[PDB]
Amino acid sequence: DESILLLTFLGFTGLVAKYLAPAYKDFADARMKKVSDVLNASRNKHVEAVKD
Amino acid sequence: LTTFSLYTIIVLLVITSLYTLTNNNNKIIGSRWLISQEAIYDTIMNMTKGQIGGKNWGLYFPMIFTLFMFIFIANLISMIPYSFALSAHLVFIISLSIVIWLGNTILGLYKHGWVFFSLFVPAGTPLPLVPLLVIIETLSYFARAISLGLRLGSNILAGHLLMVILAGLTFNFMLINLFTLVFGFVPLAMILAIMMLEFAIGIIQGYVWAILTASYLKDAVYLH
Amino acid sequence: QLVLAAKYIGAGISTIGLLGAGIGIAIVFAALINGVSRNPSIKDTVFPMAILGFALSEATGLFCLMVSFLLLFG
Amino acid sequence: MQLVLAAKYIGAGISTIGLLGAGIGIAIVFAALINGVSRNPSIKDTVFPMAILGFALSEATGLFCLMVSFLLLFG
Amino acid sequence: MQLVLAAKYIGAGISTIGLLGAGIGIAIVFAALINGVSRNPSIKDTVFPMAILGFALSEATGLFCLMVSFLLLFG
Amino acid sequence: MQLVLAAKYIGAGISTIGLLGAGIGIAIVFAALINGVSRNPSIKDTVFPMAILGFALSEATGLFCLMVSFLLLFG
Amino acid sequence: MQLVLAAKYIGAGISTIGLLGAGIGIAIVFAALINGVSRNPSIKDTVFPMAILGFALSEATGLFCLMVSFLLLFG
Amino acid sequence: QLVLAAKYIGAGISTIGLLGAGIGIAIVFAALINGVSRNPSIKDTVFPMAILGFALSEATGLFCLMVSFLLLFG
Amino acid sequence: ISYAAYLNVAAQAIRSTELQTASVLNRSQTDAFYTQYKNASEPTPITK
Amino acid sequence: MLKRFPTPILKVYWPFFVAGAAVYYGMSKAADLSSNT
Amino acid sequence: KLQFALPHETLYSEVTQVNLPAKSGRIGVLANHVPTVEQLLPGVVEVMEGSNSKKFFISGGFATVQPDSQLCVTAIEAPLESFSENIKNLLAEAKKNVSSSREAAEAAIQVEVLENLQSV
Amino acid sequence: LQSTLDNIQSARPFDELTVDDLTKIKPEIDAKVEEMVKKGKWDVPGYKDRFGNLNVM
Amino acid sequence: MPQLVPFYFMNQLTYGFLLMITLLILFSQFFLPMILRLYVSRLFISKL
């Protein structure tokens, strides 16, 4: 009986890995990119001050 | 001892892993997994600064965070098709709700004296119906006691039972001959759709717990 | 026997009254959301009144619920 | 005996039905209060006492219904 | 005996009708949210907490009704 | 037993009534969506997620009725 | 038995009541479509997919109701 | 006897379902009339929308009706 | 307060990244006066 | 990595913890009453 | 076409999409729109001609879709970028002015403009 | 200053940069974190003021 | 349901309230402040 439920669960995880998982990879990447760019920007900024 | 004890331990171990095995020794750059637990932090920062904002909100921020994560994790774990009644042991969830409700009521009485009962005077309204509005304010105030638990309990329990009964029906479509196993898959697709809805509404219900018990705490800390 | 049956049936019928409260609460909250989206800045005055309206709408439903307990337990 | 007693309980259940209308009723009054006040920012001082009157009157129908329910049960 | 058990299940069925009201109620709160946002999209962040709060409060009455159903069923 | 079994099957039919409220509820959320999109031409990016959230919640109250219905019917 | 057979023919009837809600629900989705298109004639190409979606979802709650009728009728 | 009675009873209950469809058709036509009266001009696209909407509302009623006939006749 | 006056004050506030021109400044500054009259009789030329 | 920072809000959570204890005792008594038919 | 204009200056005076902030909330016009009269409130405005989108800060005015697909927008003195930082400084001053300050209406407008700036 | 510039060039991660390196470089990190816990707040307007911040809500 | 009436209510509840106290402390003292380390570290980077 409960193996029918497990078949449903297998399908559920399949749809999740299809649609959501590449989106969530991209989402995580996007935030990471933004953080890194700000972080490195700050490094550039203090280098300018030394030169000034 | 019990099965219940074994899954409570499992919840603890999942939660440990999100602040241990998800970061790369705390890089400032951030890890893909660790970005998830940043966003959770941010939306409960911005939710509970929004709800129980005042001169404090961070003093009750851990409490609301461990209420977030517990329900957030336990409506994925309880939705594995071979996982035992934790939250679907309603007595634990409803008990947790009543504990928090009493811990608000006591907090309000202690912090705000017997003028805590001014919380159950709701507004300046015509004086001959001021006492009436105390009676049916207290009635609704300890309706807050059972509502918070009963929301979560009903949602999670009903989802698992719905799926299992329909699973049993599609079992019997496919237990008789192949022409019934044809169009035995059409209801099966409905169970898959229901499972998608049930995962969604468990995360929605998790937000609803933590906003409602922020709303109640807003009321309890800030009188009226 | 029949008396035991009767309280179970009667409890069922009394609970239907709650239907009105479920619609009722929502009409108050709907009006809150509609009002605040129309005005923007009304929300401070209106939000207390809306919670009052909610309490009263709910209160009728709690009476329905209390009749059910009065039949079933009492 | 059992049937007569039963009829009280069942009849009471049926009686409780009337209350649903009052629940919707209170909300309809309050909706208009909110809508009106959101329009003016300033109607509220005139409109609020009018609204309490409307609330009471809609509520009263509910109380009559509750009264009949009590007449069967307690009476 | 059969009568007692029958009646338990009859009373349970009957209680379930009350939930329908709450089902309409959830939709009404969300309709207001959607309408509000479309009529002023600047409101959206301020409104979002109040909206979720109102949905929950609406839902609760149906679940109280449902709790009576389980009260009958489990006893 | 014939009485208890018949009571279950009747009671199931009674429970089925509860679903109607959610059904109307779905239409109300979607109506709000259609109206809102027609207002802005462009609100849809924010609003379409709100509509899905609302739909699910209204639907859930309906499903709770169905689960009581099936509890009598199958069970 | 006779009681059980009776329960099927009656109980089926009870289930049929729920369907009225879906009928109304469908009309509401279509009403919103007409109003939407009235408000902006060029909204149609985006909106028509949304309309068929709303129709189907509202209809689905009705379907679950209609199934319970058929389960009693032919089971 | 009870089974033959139950057929006639069952049919009667089913007749109730039709009420919703009757309201439903009217609402669609009301929307047609309103849309048209506001615009003078949306009509040629909209008229098929209205007919479709009538049909679908009516169809749900028809399901109620056929169940009424099925219960009456067997 | 008249609708176009209401819009006017908003427009004046609106002449405050930045990108400023003479025509704007002139559109928001005027030295004109309005002289009320009665009868012949003249209540003063209050600044507009 | 892991670091403990003391949170002095455990004396802020005194009414919450007290409520847990009361219910803990009460559920012992409730369990005994329900385990008796 | 679209008529987007000021008194002393004149802009686009139907254009693809125009998004308007009105007493009726927000109104969108896409190609032919059924003919309306709407008062434009003080606004953040989007005009899109094709996929290209131009973003406008508008001092309110009047909007009228004509039946012949002429979206007459008339407004006083607008740009969005022009309105911007100096305005943030002004808003501080304007709060002070609101304290003291027809003067009530002026102060109400100052609050409106402050909000309108927060939208930028 | 030549040395200070060189130190930024020859000592600066930004790939394998960890909070462990910053805790090591200033005990100010732990001082502020503890002080914030004492403060009963957890909002730092810098995590959002220029660093990315998003709230799910 | 038989899965809602065990006699094990107090047993369950003991393990249940223990998990709550454990997670509360664990978050509050350990795991919440390491996210606040990310916040503070970012603010130190904001300064330089």
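Going by the header, the method for this PDB entry is cryo-EM, and the resolution given is 4.4 Å.

Novice: Got a minute to help me understand the overall build of chain B in this structure?
Specialist: Check the secondary structure of chain B and you find eight helices and zero strands. Helices (α) and strands (β) of chain B occur, in sequence order from the N terminus, as α-α-α-α-α-α-α-α. Compactness check: chain B gives a C-alpha radius of gyration of 22 Å against a globular reference of 17 Å for 224 residues, more than 25% above the reference.

Novice: Just to check I follow, could you spell out the overall build of chain L for this structure?
Specialist: The number of helices and strands found in chain L is three helices and zero strands. From first element to last, N terminus to C terminus, chain L shows the α and β order α-α-α. Computed over the C-alpha atoms, the radius of gyration of chain L is 15 Å, more than 25% above the 10 Å expected from 2.2 N^0.38 for a compact globule of 57 residues. Principal axes of the C-alpha set define a box for chain L whose edges measure 45 × 25 × 20 Å.

Novice: How do you make sense of the environment of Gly108 of chain B when you look at a structure like this?
Specialist: If you trace the backbone, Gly108 of chain B turns up in helix α4 (residues 90-111). Leave out the neighbours within four places in its chain, and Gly108 of chain B touches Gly113 and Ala220 of chain B.

Novice: Could you clarify how one ought to interpret the interface of chain E and chain C in this entry?
Specialist: Note: interface size is frequently given as the accessible area lost on complex formation between the parts. Contacts between chain E and chain C engage 11 residues on the former and 11 residues on the latter. Those elements that provide at least two residues to the side of chain E that touches chain C are α1 (2-15) and α2 (19-39) of chain E. No other element matches α2 of chain E, which puts five residues into the side of chain E that touches chain C. Considering only residue class, the side of chain E that touches chain C consists of four nonpolar, seven polar and no charged.

Novice: What is the right way to read the arrangement of the chains from this model?
Specialist: When the 14 pairs of chains in contact are compared, the highest contact count belongs to chains C and E. Nothing in chain E touches chain G; the tightest C-alpha to C-alpha distance between them is still 10 Å. Contact between chain A and chain H is absent, and the least distance between their C-alpha atoms amounts to 31 Å.

Novice: Teacher, can you tell me more about the pairing of strand β3 (residues 25-30) of chain K here?
Specialist: Along any regular strand the residues' side chains alternate between the sheet's two faces. Residue and element names in this part refer to chain K. Of the strand pairs in this sheet, strand β2 (residues 17-22) and β3 are connected by six bridges, and their pairing is antiparallel. Counted as the bridge partner of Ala22 is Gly25 from β3. Between β2 and β3, which pair antiparallel and follow one another directly, the connecting turn spans two residues.

Novice: Would you explain the UniProt feature "transmembrane region" in chain B in this entry?
Specialist: Residue and element names in this part refer to chain B. Under the local residue numbering, the UniProt record ascribes the feature "transmembrane region" to residues 1-21, 57-77, 90-110, 115-135, 156-176 and 181-201. With 100% helix and 0% strand, residues 90-110 has its two end C-alpha atoms placed 30 Å apart. A distance of 31 Å separates the end C-alpha atoms of residues 156-176, which is 86% helix and 0% strand.

Novice: How should I be thinking about the packing of helix α1 (residues 2-15) of chain C against helix α1 (residues 2-15) of chain D in this particular structure?
Specialist: Think of two packed helices as two axes; the pair is described by the angle between the axes and how far apart they sit. Across the interface, α1 of chain C lies against α1 of chain D with an axial gap of 7 Å and an inter-helix angle of 10°. Considered as vectors, α1 of chain C and α1 of chain D are oriented roughly parallel to each other. Residues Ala6, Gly10, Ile13 and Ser14 of chain C of α1 of chain C lie in contact with α1 of chain D, whose contacting residues are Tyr9, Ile10 and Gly13 of chain D.

Novice: In this structure, what is going on with helix α3 (residues 28-39) of chain L? I would like to understand it.
Specialist: Because each turn of an α-helix spans 3.6 residues, side chains separated by three or four positions end up pointing in the same direction. End to end, α3 of chain L covers 16 Å across 12 residues, agreeing with the expected 16 Å (1.5 Å per residue, within 8%). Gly40 of chain L, located one to two residues past α3 of chain L, shows a positive phi value of around 80°.

Novice: Would you mind showing me how to read unusual backbone geometry here?
Specialist: Most of the time, phi is negative for any residue but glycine, and the peptide bond is trans. Positive phi is not limited to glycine here, since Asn25 of chain B has a value of about 70°. Position of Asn25 of chain B among the secondary structure elements: in the loop between α1 (3-17) and α2 (34-51). A positive phi angle is found at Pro41 of chain F, which is not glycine, with a value near 45°. Here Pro41 of chain F shows up in the loop between α2 (19-39) and α3 (44-73).

Calculation notes
- Residues numbered from 1 in each chain as written, not as in the entry; some residues may be left out.
- Chains lettered and ligands numbered in written order.
- Part of a larger assembly, values for the part shown.
- Heavy atoms only, no water.
- Residues with missing side-chain atoms left out of burial classes, pairs and counts.
- Helix = DSSP H or I, 4+ residues; strand = E, 2+ residues; numbered from the N terminus.
- Rg over C-alpha atoms; globule rule 2.2 N^0.38 Å.
- Contact = heavy atoms within 4.5 Å.
- Nonpolar A, V, L, I, M, F, W, Y, C, P; charged D, E, K, R; others polar.
- Pairing = 2+ DSSP bridges.
- UniProt positions renumbered as here; feature names shortened; annotations may be inferred.
- Axes fitted to C-alpha atoms, helices over the stretch in contact; angles between N-to-C directions.
- Parallel < 35°, antiparallel > 145°, perpendicular 65-115°, else oblique.
- Expected span 1.5 Å × (residues − 1).

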